[PDB]
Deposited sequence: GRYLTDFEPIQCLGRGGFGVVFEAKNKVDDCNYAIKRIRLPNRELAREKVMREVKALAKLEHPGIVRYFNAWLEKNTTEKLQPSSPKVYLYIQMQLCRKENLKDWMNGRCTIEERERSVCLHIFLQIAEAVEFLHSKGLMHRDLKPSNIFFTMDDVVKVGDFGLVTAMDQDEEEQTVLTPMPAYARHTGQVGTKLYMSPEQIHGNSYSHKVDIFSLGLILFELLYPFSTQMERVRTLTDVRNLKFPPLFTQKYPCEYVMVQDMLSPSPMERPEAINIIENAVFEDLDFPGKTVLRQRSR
């Protein structure tokens, strides 16, 4: 409706719902537009609409810039966000499979922006719940952005309690961050080596070369991956960790 009227579709970017790249006819900018099927039940609908009003207030360097939300008639909710690069963080790591291509400083600076975005959210009483490299983005200016979240794939980055449907808190994001930090610092040759190693890391089994090369990050990651959520550090403790002192 308003979508087909005010926008020219360019391509599907992903399919929780569907995300399209599309160009606004009036301002000629390209945007990522998320379309979700709105719940039929009235109470369940109001839940979604409350989440939208909360997220639309958020403004942070690590949060994708927001533009607009509207409904169209079955009802569809449309969310218009800034279009990020096609190369997400998963792609970024895929094209960089050697140590030399994963410079310590560039990697930590990437992780740090993720962690700061997460700390911002937690401080607002929100959590991300969906942190993983395929859902971490770069703007056209190369600012790191946490990806889509708010309204609820691989479970590889998902905390135990979140996988098993147990009660959970913002500590679930800390678990994800831990695995992402390791993955940032430890390139893989093959997809299968990636899965074999990551599942081991979830279980606190690390490659010796990692522990020796990154003794401090190793200890951080160990803590963030505690099976017990209470034991994981707060996002603020992580951001303040000595490992990030070289600015």
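Inset, instruction - Write out the missing regions of the deposited sequence in sequence order, one range per stretch. - result: Seq positions lacking coordinates: 16-17, 76-86, 166-191, 287-299.
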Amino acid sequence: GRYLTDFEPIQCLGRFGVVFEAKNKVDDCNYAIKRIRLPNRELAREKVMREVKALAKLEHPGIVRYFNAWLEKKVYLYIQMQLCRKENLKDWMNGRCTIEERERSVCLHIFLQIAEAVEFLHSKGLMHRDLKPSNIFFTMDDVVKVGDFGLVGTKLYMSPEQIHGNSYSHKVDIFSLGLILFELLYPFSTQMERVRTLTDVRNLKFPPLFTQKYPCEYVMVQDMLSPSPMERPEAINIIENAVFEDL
From here on, numbers count along this sequence of modelled residues.
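Legend entry - Higher-scoring stretch by recorded Cα B factor average, 6-14 or 233-241: According to the entry, 6-14 carries the higher average C-alpha B-factor.
Legend entry - 117-125 or 162-170, whichever carries the higher mean Cα B-factor: Higher mean C-alpha B-factor: 162-170.
Legend entry - Largest Cα B-factor, entry values, listed residues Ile36, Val201, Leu184, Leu55: That would be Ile36, according to the entry.
Legend entry - Third assignment of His60 from its chain's C-alpha B-factors: It falls in the bottom third of the chain.
Inset, instruction - Select lowest, middle or highest to describe the third in which the CA B-factor of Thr139 falls within its chain in this entry. - result: Tercile = middle for this residue's CA B-factor.
Inset, instruction - Grab the CA temperature factor for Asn40 from the record and place it in the lowest, middle or highest third of its chain. - result: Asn40: CA B-factor falls in the highest third of its chain.
Inset, instruction - Sorting the chain's modelled residues by C-alpha B-factor, tell me whether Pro133 ends up in the lowest, middle or highest third. - result: Lowest third, going by the recorded CA B-factors of the chain.
Inset, instruction - Taking the values exactly as deposited, rank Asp91 by C-alpha B-factor within its chain and report the matching third: lowest, middle or highest. - result: For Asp91, the deposited C-alpha B-factor lands in the middle third.
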